[PDB]
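Per the numbering used here, the sequence shown runs over residues 987 to 1316.
Every residue gets a Cβ at the ideal spot worked out from N, C-alpha and C, and that includes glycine.
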Amino acid sequence: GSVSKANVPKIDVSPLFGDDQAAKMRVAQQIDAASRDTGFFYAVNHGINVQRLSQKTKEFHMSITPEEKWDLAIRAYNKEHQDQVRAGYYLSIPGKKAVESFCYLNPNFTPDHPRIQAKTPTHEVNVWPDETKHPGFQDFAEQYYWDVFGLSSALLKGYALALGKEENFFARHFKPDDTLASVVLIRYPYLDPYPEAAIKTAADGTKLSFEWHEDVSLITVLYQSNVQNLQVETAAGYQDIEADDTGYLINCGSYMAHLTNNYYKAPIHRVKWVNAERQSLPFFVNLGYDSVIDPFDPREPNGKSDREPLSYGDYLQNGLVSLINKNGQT
Ligand SMILES: CC(C)[C@H](NC(=O)[C@H](CS)NC(=O)CCC[C@H](N)C(=O)O)S(=O)(=O)O
Ligand SMILES: [Fe+3]
């Protein structure tokens, strides 16, 4: 029962911000090769100060009190907050559940936004802690949303060129005024003793914090601290993904797999149990509620696919509910 390591290439994505079109294609080739292999790659030379990101994230988790957690809790933990299906605090349960997190959405989702006015599902107005109790936290969090939005937009240009399309094939549906993208600030704590009820056992015997799944996203742009935990499933079993706290771990979600007729699969992955204090900060690249991408098959000469065009809002609503049903309330 030995575990091999996945090939996760480090791809210099900096040409995707520039105007060297041939250099972009060489990045797009690397994205294509990784997407056809294990499905994961590390985006390096990305331009985001991930050191300050981890600092402000650590200060928040370690300073927020049980009172503030109730005040920000999503509906799953607080019946009073019926509007908080997505955004808010995800409480840990000592002795039963180790993980806790804070999820926020598009800062442009305000009471003035028409999707909020129409009460469209998956659209919510972010909740925030008290400014004086968490100085600068909301400003940092909202700016990070747009920092990683910019990186994700360039990554989407690479994916589009990799699939033989014009560079805005995905990015044109990725807009600040309507994106359903989310940030989740996850804390995985060190615990002694660690509650066995918080540990799950995979079929192959591996102890897990979160079971196998495909991401509900177009792509996922993830930062993690330097604690190895992720595994990707291959035909020869699960393979360890090595940690890198300077780059962004990138992978496709099931929406990408649908629209490419599984040409770019959504890699199945799981989270091993590790008794180590660590952060996981995913940015789930979601499109707009009405966004619809016509499916195609890059393996066919005509590129024709028989799959239905899927509206992203309906995909996201069904996907997040199914993931909760399958892998439990996080
Ligand atoms: C918290 C931990 C258990 C982590 N799990 C996840 O984040 C999973 C797998 S990707 N994804 C979600 O729960 C979707 C979140 C959607 C978000 N609430 C929104 O409204 O967009 S971990 O184990 O993977 O680190
Ligand atoms: Fe995931």
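According to the DSSP assignment, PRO1052 belongs to the alpha helix (DSSP H) that extends over 1052 to 1058. Secondary structure remark: continuous alpha helix (DSSP H) runs of at least 4 residues inside the segment 1078 to 1103, in chain order: 1100 to 1103. In this structure, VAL989 keeps its C-beta atom at 8 Å or more from the C-beta atom of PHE1026. The three-state reading of DSSP puts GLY1223 in strand, counting E and B together.
Beta-bridge analysis with DSSP links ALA1029 to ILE997 and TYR1234. Under the three-state reduction of DSSP output, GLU1045 falls in the helix class.
Taking C-beta atoms under 8 Å as the contact rule, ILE1205 and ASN1237 qualify, at a distance of about 7 Å. Using a C-beta cut-off of 8 Å, the segment 1170 to 1180 makes contact with the segment 1249 to 1266, since at least three inter-stretch Cβ pairs fall below that distance.
For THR1316, the CB stays at least 7 Å from every heavy atom of ligand 2. In the three-state DSSP reduction, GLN1210 falls in the strand class (E or B). DSSP places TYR1174 within a strand segment (E or B) once states are collapsed to three. Counting only runs of at least 4 residues, the segment 1278 to 1316 fully encloses the following alpha helix (DSSP H) elements, listed from N- to C-terminal order: 1298 to 1313. Secondary structure of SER990 (DSSP, three-state): coil.
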